[PDB]
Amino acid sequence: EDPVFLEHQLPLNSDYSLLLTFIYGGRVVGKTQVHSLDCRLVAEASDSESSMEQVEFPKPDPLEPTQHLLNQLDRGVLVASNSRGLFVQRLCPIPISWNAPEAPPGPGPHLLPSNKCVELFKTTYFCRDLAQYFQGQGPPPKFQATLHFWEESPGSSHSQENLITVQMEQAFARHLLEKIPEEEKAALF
C-alpha cells in the first residue's frame, strides 16, 4: 500500500487560507481572509496582468503619514499560502523586516531581499513540533509571521518609523492551537 496511497500530514479538508491583519502605527486597521493560494499586497487594485488576486491595504483613517508610505509600494508584496507554508517576495523599494518561525537567530533586523522568495513558515516543521508539544515533550511551535515596513524621517526624534505592519498566518495553525484555550474559555462560563 504505497506510495501514492499514503496518508497526508494533514487531512485534505485543510484550510491553508491566509489570515491577514493590517496595522498602521500600532492600531489594527483591518483584517482579511484570503482563500486564493497566492496574492499581491497593493496600495490600490489596478487593471494589471490579472495573474493574481490583489489585496488592497486599507485606506488609512487619519490619512497620513501612512498614505505617503503606501504610495511607495509600487508593485508591492507577493504572498503565497499553501500546503507547504507561507512565502513572501518583496517587490517594493521599502525596507521590510520580518519575524517568523523560520527567522535566523539574533536580534538584528531580518530584511526581505529584493526580488527573492523567502519561506517564513513551514507546515512540515510546525506539524512535527505541534505533535511533540501535545505529547508534553516540547514547546509550542510558532506560526505567525509579521512584516514591518519602514520609513526614514531625518530630523524627527524617531529617525526610523515602522508605520505599517502586516501579520500573517494560515487558518489551520491558529485553529489547532486555539482548541485547548477554547475549552478553558467555555469552563469560565
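Numbering starts at 1 and follows the sequence shown.
- Comparing 10-18 with 169-177, the higher mean C-alpha B-factor in the PDB entry belongs to 10-18.
- Mean CA B-factor, 140-148 versus 34-42: the higher value falls on 34-42.
- The PDB entry assigns the greatest CA B-factor among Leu70, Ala131, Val29, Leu163 to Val29.
- When the modelled residues of the chain are ordered by their C-alpha B factor, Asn115 lands in the highest third.
- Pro105: CA B factor in the highest third of modelled residues in this chain (values from the PDB entry).
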